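Engineer: What would the 3D arrangement of this be:
(9 chains, ligands or ions: 14)
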Amino acid sequence: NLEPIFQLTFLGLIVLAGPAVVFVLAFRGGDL
Amino acid sequence: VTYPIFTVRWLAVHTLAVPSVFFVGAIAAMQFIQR
Amino acid sequence: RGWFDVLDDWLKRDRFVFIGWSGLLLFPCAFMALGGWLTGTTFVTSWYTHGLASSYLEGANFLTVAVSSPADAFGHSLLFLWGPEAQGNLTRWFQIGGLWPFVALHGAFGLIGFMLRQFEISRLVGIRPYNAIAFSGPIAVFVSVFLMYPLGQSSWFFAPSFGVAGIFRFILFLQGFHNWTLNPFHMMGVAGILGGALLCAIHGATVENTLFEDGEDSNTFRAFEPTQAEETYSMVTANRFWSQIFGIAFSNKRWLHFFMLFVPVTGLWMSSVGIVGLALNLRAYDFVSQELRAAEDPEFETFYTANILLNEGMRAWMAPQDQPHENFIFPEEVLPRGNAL
Amino acid sequence: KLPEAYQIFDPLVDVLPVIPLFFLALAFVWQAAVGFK
Amino acid sequence: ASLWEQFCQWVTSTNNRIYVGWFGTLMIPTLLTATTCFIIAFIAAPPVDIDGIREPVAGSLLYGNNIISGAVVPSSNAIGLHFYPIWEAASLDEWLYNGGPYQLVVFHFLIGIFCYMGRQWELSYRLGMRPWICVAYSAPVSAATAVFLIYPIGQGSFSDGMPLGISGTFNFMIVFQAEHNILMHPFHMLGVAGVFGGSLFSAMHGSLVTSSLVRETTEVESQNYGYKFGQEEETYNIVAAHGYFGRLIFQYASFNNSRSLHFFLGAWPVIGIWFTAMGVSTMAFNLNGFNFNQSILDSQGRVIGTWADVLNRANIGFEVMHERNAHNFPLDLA
Amino acid sequence: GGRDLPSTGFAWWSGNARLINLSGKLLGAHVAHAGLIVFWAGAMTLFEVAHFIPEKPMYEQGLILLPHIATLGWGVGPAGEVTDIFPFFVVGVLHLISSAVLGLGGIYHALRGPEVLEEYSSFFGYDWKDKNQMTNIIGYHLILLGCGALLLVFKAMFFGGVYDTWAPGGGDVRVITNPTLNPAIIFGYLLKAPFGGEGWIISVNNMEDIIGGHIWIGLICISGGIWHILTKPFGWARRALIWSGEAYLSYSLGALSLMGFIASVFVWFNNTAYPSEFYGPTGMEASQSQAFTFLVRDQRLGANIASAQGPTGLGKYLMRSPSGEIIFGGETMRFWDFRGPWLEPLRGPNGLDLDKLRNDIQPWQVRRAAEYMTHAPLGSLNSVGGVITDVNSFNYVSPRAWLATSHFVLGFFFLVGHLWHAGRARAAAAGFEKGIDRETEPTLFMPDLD
Amino acid sequence: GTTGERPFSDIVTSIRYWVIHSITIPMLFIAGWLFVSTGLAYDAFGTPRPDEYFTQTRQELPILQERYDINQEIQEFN
Amino acid sequence: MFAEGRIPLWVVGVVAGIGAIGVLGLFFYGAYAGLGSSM
Amino acid sequence: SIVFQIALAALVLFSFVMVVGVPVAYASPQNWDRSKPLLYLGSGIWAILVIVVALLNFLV
Ligand code: CLA
Ligand code: CLA
Ligand code: CLA
Ligand code: CLA
Ligand code: CLA
Ligand SMILES: CCCCCCCCCCCCCCCCCC(=O)OC[C@H](CO[C@@H]1O[C@H](CO)[C@H](O)[C@H](O)[C@H]1O)OC(=O)CCCCCCCCCCCCCCCCC
Ligand SMILES: CC1=C(/C=C/C(C)=C/C=C/C(C)=C/C=C/C=C(C)/C=C/C=C(C)/C=C/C2=C(C)CCCC2(C)C)C(C)(C)CCC1
Ligand SMILES: CC1=C(/C=C/C(C)=C/C=C/C(C)=C/C=C/C=C(C)/C=C/C=C(C)/C=C/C2=C(C)CCCC2(C)C)C(C)(C)CCC1
Ligand SMILES: CC1=C(/C=C/C(C)=C/C=C/C(C)=C/C=C/C=C(C)/C=C/C=C(C)/C=C/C2=C(C)CCCC2(C)C)C(C)(C)CCC1
Ligand SMILES: CCCCCCCCCCCCO[C@@H]1O[C@H](CO)[C@@H](O[C@H]2O[C@H](CO)[C@@H](O)[C@H](O)[C@H]2O)[C@H](O)[C@H]1O
Ligand SMILES: [Ca+2]
Ligand SMILES: [Cl-]
Ligand SMILES: [Cl-]
Ligand SMILES: [Fe+2]
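Structural biologist: Numbering: from 1, shown residues only, chains lettered A, B, ... in the order given. Ligands and ions are numbered 1, 2, ... in the order given. Next comes the structure:
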């Protein structure tokens, strides 16, 4: 079913969002 | 500096890790078996 | 330089994982045991020995998988892969529960190898071998429970199964069939284990709360150096604290740590003695005086007699599914039960 | 069930409540990014 | 200089052989009360109708019990959670028949142990110590409160409290497994890891220290005479102990810091006992352990049993036999 | 501010202690966290709305937030039937969006705002040792808490009412018109025993008493707010308490632990503020329901339910409480203090009335008793309903069980936190939280005990 | 302080380790996957598939009772 | 990434932990589906 | 009704943009003069999108 595909995609986007913020702040040397 | 690659520690790490990942893939395949 | 001393040099080299002479016993056997467990709980059924699913392949989870004990028809047959039952057939060997004596015997030899490793490293480092002497407690429990208990019984079937809920079954089995709570040898084990947990908790808390201020941080963990000669905590303040709180206290650190060894090891050894008793059905099942009084006087009730009734019910309701080889047919009318349940 | 014009976002809502748990995880990640100093 | 300030100085005095303190002013009376009533009831109390079905259970030594079978039997199921002090009984014999001594002993004991925890803080404060020994003692306190107070509150009767006796304790455990499957409850599993691991770590720590003691004696006398009480120096070689244990497993599995190691020793069984106390306290509200009965079915739908199903058969046996005259209705709902 | 051990003395695993004297970053921590609470409120509500089957009872469906909203009188009708799904959705959306606002504000103050607020403003900047400012903040927050309690009062009296399970005609949303302002009843609830038959404040059994208590709480909190704005701590309070940020934290921890225990018992026993139409039956309710169900069933077969002795000699269906009240028999004798709207019509002055049990039992009482005895708060951790010896076919754990277990555990761990922070506050104010000084070790100057 | 081997943090942060283990760990994972999903594990260990716990001629548990001839017993059990 | 010829260790730990929680979530999903789910 | 779904999808996409952007902009002291009006405009656009979602909900 396509419901669980979207659930996993929304979950994967939310999961990557936090480490993305950390990764852009570490890659550009922000106020970590 | 110039550490050996293959050691007793290497064999120790792989003796467990290699069938660990094999078994974990097996149990992951098991999760989709239907009745 | 002879070959023995050269081999002794190689085996005793300082490396991430110490091998030693004992590793030749320890590392294959333990790898045979643990892998043999991990194989069985992943793949191997108990359908022909127990009428049970016990693997992840059949749908069981981590709590319900086991390397279950062999079929009762084999008795105490060691069930070698080449033995007269499996006859070299790997699949038949798995199906008849040969993985149970595989894991139990490789585990026994692995535990022997680990104790030998404790002795070997204690000798090479230069310390006294009290870690090995402490590890005799777990060896006594393993040998009494997994080897001597089924050897006193009919077969390897009644040994504990290498699983979480299988161990729970063995536990409840020894309750309802042996009244193993009533056994003073077990009660001494409980005293030793709970006392060792108490000693662990109380000693760790006492040390962490009588620490000397040897640093400036609120993080007190970095005020310790392993090469320092002085005690990191006040024995005097700890002794005064427990003398005024509890009445008595340790005044001797060496006796404190020997007691911390002594309590759970003695508990394990005493419970092992009780398990050796249960191997021959030499139980502390009954108080015959209370049984004769209750048999002649139906107003007399204690908690002991209530527990006897509990064991009776568990035996009758559990035996047909737990011992399927016996073909216990107990009709519904013979099962003991109270009113309305 | 959600009201009908919101029902296209039923899967996203289904993953909404566990976002605070990730926050507890996220701090550890940030400490891992700075070296647990 | 005032009489009250002199009494405050005596109560809080570090020179007392047994520290009293303000928590001790509550602990001493309560614990003495519960101890006196417990000893008298354990020796001589008449049988108690615990289940409220006029079937009195004999708990005391003089009524045919031994040390193993003896108990201070919980109060009547007819009482439930009702407060039953001595003065609400029409006679002492009625109070004894209905299990009043259980309520007296339990309530005073529980106050006494909470004040024991506070007194542990109090003496640590008066001695200039760090204050967290009482936090470690909060784990046996939480377990005692779970079995004597919280589980009766959740089940709606002190009759469901753990009896004050050895075989009564076993009865409590067995009926608890029948009704809650505590063995399959992950918090008891943490308790067991707490006590098994606490005994393991007690033995390892004691064995490692005794293994690495500095030579200060002869082999005639006991090695414990190599330690002087109040000595400044350390009595064992932590580096030898670490060099042993980091070769027994590997180097970074071994504590080189004594403070870190002692913290771990304190923390592991305390956390485990906290978890199992919360397991009993949550099974009070009948949030029970894992139910995997008929979890596995064949392709047709026939049940394939597991070890959980055999465990469930054992749980049935206990359940259909316990308090065998108490139930009038098909479900044991509390 | 130091963000490492060398500059603070606190490790990473104790990092938030680096904020104790950084009031701006502390405020941002506090405000981002509030974001999180309002986020869970909104997102969990939207999840519960999305999974809700409204013709099915809420308690069958794993909901703990929609019962709270339904008890306030939103989206429900008689017998707690769901009229409209939109108020629950509205409550969710508003919390979720606001939580976005609160999260943005916490990040600001935490990452960009001034690390200390004392050099910026005297009204907002605080020193933990400044007893006037601490009581000012208590006072502002007390006026707000009293306003919240008065908002509950306003919802019950002026803006649509609350769900009354005790309402005649059946339980319904009704507007409270005559709240109990009588302080004897309101504070005699505080004076009642925390035991069986009395129940302290858990035994509040009518919405008039609840709403009147919140009028008094609102008045008490508003008056105590002004008190603490206008006043300073007195000498006995100054000499009795520890005055530090960790100390005030530990005082709040003990308070939170107490309210967690009270909440777990409240949801376990009380069916008025936690109506059984939304939360399911209490355990006492379900046990009395089973006894009533089999009383009705055997009475229909012609059993004389009053003259029937059981196996022990007590009455099988009806017996006497220890004070003499006519109550249900078997083990539910323990639960004879239970009161419920389905049961109280069959009760007389002496207890359960024989005439009402013979010729006044309605079919809806039978239906409710069967439903409540089969929805008893007994269940496994993997949500298998009923007794633990039952097989896997009933997916149910009561919301009362989930809420009670959660809050008991939370309450216990917050008592542990109270002991930890109180003890540490005492040691840090006394100066030995970092260990015993070797030169001035106090035991070395004390005399020996014996 | 170090026994002489390469430290683990230097290894698992190296490009060569990840070039190799980006293939070797997924290949082991999908090898275990194919061990299950091809049904080979059932025939290897003798574990019944969900349709062979009971047959048309046996509705009871196939509990072994012979001391030695268990190959014939299991074949008969099917 | 940032380090020359060196992936940061926290990135390795993040990826390994995400994979570990992913396989644990798969096992907890399989508790409710297929074999062993009681339906 | 499709324009309401477009508005809500735009709201969640811009919400994801703001989740990525707001802590990065707040933890960048060297890009603050560029990013502060971007944060102001993002807050305004997000609020306007929320109000538009409410109005189109009552329009559908
Ligand atoms: C409720 C959870 C919570 C909150 C609100 C805080 C808050 C705070 N912590 Mg603590 N912390 C927590 C949990 C929490 N912590 C936990 C669990 C740990 C243990 C791992 C720590 C360990 C810790 C340490 C060791 C330190 C702090 C410090 C701080 C402060 C400065 C943070 C900083 O410099 O980050 C900088 C980090 C970043 C710039 C990375 C990005 C972070 C942002 C917030 C990501 C937000 C993502 C979100 C989805 C975006 C939404 C945007 C918008 C849509 C709303 C800050 C007030 C520091 C301190 O004391 O300051 C003096 C400090 O040294 N914390
Ligand atoms: C007061 C807290 C609370 C309560 C009572 C509930 C109760 C419930 N939730 Mg909710 N939930 C909560 C918080 C809460 N939740 C939070 C914080 C989140 C976000 C992560 C969610 C997300 C959520 C979802 C997404 C779902 C639920 C669902 C449910 C239901 C089934 C729960 C279940 O099967 O659990 C299983 C039990 C466990 C997982 C046990 C967890 C044990 C914890 C970790 C122990 C912690 C102990 C202690 C605090 C640790 C301290 C350690 C240290 C001090 C030493 C139930 C009504 C489900 C439902 O039916 O909804 C319709 C559902 O789908 N909840
Ligand atoms: C408890 C919450 C709290 C507290 C105490 C503060 C306190 C402060 N903030 Mg912060 N802030 C908060 C939340 C909070 N803020 C939130 C949630 C946001 C995001 C919207 C911000 C965003 C923010 C910014 C961007 C700035 C501040 C600034 C300031 C300082 C000056 C305040 C000022 O000018 O007031 C005087 C202003 C007023 C009296 C008018 C506002 C009145 C409020 C907003 C209306 C009603 C409140 C609310 C809507 C009622 C319902 C709330 C609900 C939760 C119950 C002060 C230290 C400034 C600063 O750092 O100074 C250096 C600054 O630049 N704040
Ligand atoms: C949560 C909000 C809050 C907080 C944090 C405080 C905090 C404080 N108050 Mg305030 N107060 C509040 C709300 C609050 N109050 C309200 C709402 C009112 C209006 C009724 C008042 C009225 C008030 C007055 C009139 C006074 C204070 C005072 C004080 C200070 C000392 C209190 C103290 O030592 O208590 C400790 C309590 C005692 C020493 C009393 C011992 C009695 C025993 C221990 C009670 C045990 C009960 C038991 C634990 C629980 C049973 C529950 C229930 C059945 C009773 C302290 C700053 C005092 C002060 O300094 O004034 C400026 C003071 O004189 N308060
Ligand atoms: C609102 C309540 C509150 C507040 C504001 C604080 C605030 C603080 N605490 Mg306290 N604490 C509390 C409650 C609170 N605590 C409770 C209830 C307990 C008892 C358990 C403690 C026990 C405690 C100890 C033992 C210590 C503190 C310390 C501290 C300081 C540093 C905390 C830090 O950086 O954590 C960093 C955060 C972490 C390392 C992460 C915590 C991980 C927990 C176990 C997760 C629990 C699981 C959770 C339920 C979700 C499950 C997720 C699962 C699915 C994976 C800070 C002042 C420290 C201190 O004394 O500083 C002076 C300290 O050593 N706290
Ligand atoms: C920060 C690290 C985070 C990493 C992110 C990893 C996420 C991976 C998690 C789960 C992986 C699979 C997701 C679930 C598949 C969806 C299938 C479905 O819809 O329902 C499948 C089943 C029932 O399926 C039903 O089917 C119906 C018709 O098809 C409908 O679709 C219903 O909606 C559906 O519920 O429901 C479930 O099994 C949900 C319960 C399990 C969900 C996840 C379990 C726990 C996951 C993670 C927690 C692990 C914790 C370990 C470590 C903790 C400490 C950090
Ligand atoms: C039997 C036998 C044998 C043996 C074998 C072997 C020895 C092997 C093996 C094996 C192995 C060796 C396997 C493995 C495995 C594994 C696994 C199965 C794993 C796992 C895991 C997991 C799942 C984990 C998880 C987790 C947790 C839970 C915690 C935290 C996180 C983590 C993720 C880590 C032979 C052939 C000789 C002969 C015949 C018989
Ligand atoms: C500081 C800090 C921290 C913290 C942080 C925090 C705590 C935060 C937060 C935050 C928050 C608190 C947030 C938020 C958010 C929200 C949002 C973003 C939202 C929204 C919305 C939306 C978009 C919605 C939508 C919808 C609707 C409208 C309806 C329908 C459905 C849906 C869902 C679609 C940490 C720990 C990291 C550490 C570091 C520092
Ligand atoms: C709303 C409501 C109501 C009402 C209620 C009320 C009216 C209340 C209250 C309340 C209150 C009125 C309270 C309270 C409290 C108190 C406390 C909780 C306390 C305490 C204490 C303390 C904390 C102290 C401490 C101390 C001591 C012991 C001495 C030394 C010093 C110190 C400070 C340490 C009712 C039920 C009708 C109904 C339902 C709803
Ligand atoms: C990592 C997991 C490790 C666990 C083991 C995994 C291995 C996979 C199992 C393969 C099983 C093969 O299946 C079975 O193999 C055995 C070999 O012992 C064969 O056995 C045959 O040869 C042996 C060798 O002389 C004879 O003694 C035996 O009587 C005969 O039947 C069987 O004909 C075959 O049915
Ligand atoms: Ca969905
Ligand atoms: Cl019994
Ligand atoms: Cl009954
Ligand atoms: Fe020690």
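Engineer: tally of neighbours for residue G:76?
Structural biologist: The number of residues packed near residue G:76 is 12, by other C-beta atoms under 10 Å in any protein chain shown. (C-beta placed from N, C-alpha, C; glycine too.)
Engineer: how much space between it and residue C:49?
Structural biologist: Note on residue G:76: its distance to residue C:49, by C-beta to C-beta, to the nearest Å, is 16 Å.
Engineer: and what of residue H:33?
Structural biologist: Separation of residue H:33 from residue C:49 (C-beta to C-beta) stands at 29 Å.
Engineer: Might you name the residue of chain E sitting closest to chain D?
Structural biologist: In chain E, the residue found nearest to chain D is residue E:260; the distance is 14.9 Å by C-beta to the nearest C-beta.
Engineer: Which secondary structure state does that residue sit in?
Structural biologist: Secondary structure for residue E:260, judged by DSSP: H, G, I helix; E, B strand; the rest coil, is helix.
Engineer: got a list of what it touches?
Structural biologist: Applying C-beta atoms under 8 Å, 6 or more residues apart in numbering or on different chains to residue E:260 gives the contacts residue C:221.
Engineer: I'd like to check which residues are in contact with the residue in the stretch 151-300 of chain E that ligand 10 sits nearest to.
Structural biologist: Proximity of the stretch 151-300 of chain E to ligand 10 (C-beta to the nearest ligand atom) peaks at residue E:296, 22.5 Å away. Counting by C-beta under 8 Å, 6+ apart, residue E:296 touches C:53, C:58, C:59, C:60, E:303, E:304, E:305, E:306, H:35, H:36, H:38.
Engineer: coming back round to it: out of residue H:33 and residue C:49, which sits in the more crowded spot?
Structural biologist: Counted by other C-beta under 10 Å, residue H:33 and residue C:49 do not tie: residue C:49 has more neighbours, with 29 against 13.
Engineer: what's near enough to touch that one?
Structural biologist: With C-beta under 8 Å, 6+ apart, residue C:49 has these contacts: C:68, C:69, C:70, C:71, C:95, C:96, C:97, C:157, G:63, G:64.
Engineer: at 10 Å instead, please
Structural biologist: Applying C-beta atoms under 10 Å, 6 or more residues apart in numbering or on different chains to residue C:49 gives the contacts C:68-74, C:95-98, C:100, C:156-157, C:161, C:324-325, G:61-64.
Engineer: Looking at the contacts of residue E:296, spot the one nearest chain F.
Structural biologist: residue H:38 (3.7 Å).
Engineer: That closest one: what's it in contact with?
Structural biologist: C:59, E:291-297, E:303, F:382, F:384, F:391-393, F:395, H:31-32.
Engineer: thinking again about what came up before, filter the contacts of residue C:49 down to the ones in helices?
Structural biologist: Under the assignment DSSP state H, those contribute C:95, C:100 to helices.
Engineer: The contacts of residue C:49 in strands, which ones?
Structural biologist: Under the assignment DSSP state E, the contacts of residue C:49 contribute nothing to strands.
Engineer: And what about residue C:217, helix, strand or coil?
Structural biologist: coil.
Engineer: How about it, nearest residue that isn't a chain neighbour?
Structural biologist: If you skip the residues right next to it in sequence, residue C:217 has residue F:9 as its closest partner in space, 3.6 Å away by C-beta to C-beta, 6 or more residues apart in numbering or on different chains.
Engineer: what about that neighbour, how many neighbours?
Structural biologist: Around residue F:9 sit 18 other residues, with neighbours defined as other C-beta under 10 Å.
Engineer: isn't it right up against residue C:222?
Structural biologist: Yes. Between residue F:9 and residue C:222 there is a contact at 9.5 Å, judged by C-beta atoms under 10 Å.
Engineer: What does residue H:2 show for phi and psi?
Structural biologist: phi -50, psi -60 (degrees, to the nearest 10).
Engineer: Next: residue G:24.
Structural biologist: For residue G:24, the backbone dihedrals are phi -60, psi -40 (criterion: degrees, to the nearest 10).
Engineer: For it, list the residues it contacts.
Structural biologist: Counting by C-beta under 10 Å, 6+ apart, residue G:24 has contacts B:14, B:17, B:18, B:21.
Engineer: do the strand or helix carrying residue E:154 and chain C meet?
Structural biologist: Remark: residue E:154 resides in helix E:151-155, with elements defined by DSSP states H and E. No. In terms of C-beta under 10 Å from any C-beta of the partner chain, no part of helix E:151-155 sits within range of chain C; the closest distance is 16.6 Å.
Engineer: for that helix, packing partners?
Structural biologist: helix E:166-180, helix E:258-283, helix F:245-269, helix F:399-430 (3 or more C-beta pairs under 10 Å, 6 or more residues apart in numbering or on different chains; DSSP states H and E).
Engineer: As CSV, the ones you listed with distance to residue E:208 would be great.
Structural biologist: Compiled in CSV, these are given as follows (distance: least, C-beta to C-beta, whole Å):
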stretch, distance to residue E:208
helix E:166-180, 34
helix E:258-283, 9
helix F:245-269, 36
helix F:399-430, 29
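Engineer: how about those, which one is nearest ligand 5?
Structural biologist: Between the helices and strands packed on helix E:151-155, helix F:399-430 lies closest to ligand 5; by C-beta to the nearest ligand atom that is 2.4 Å.
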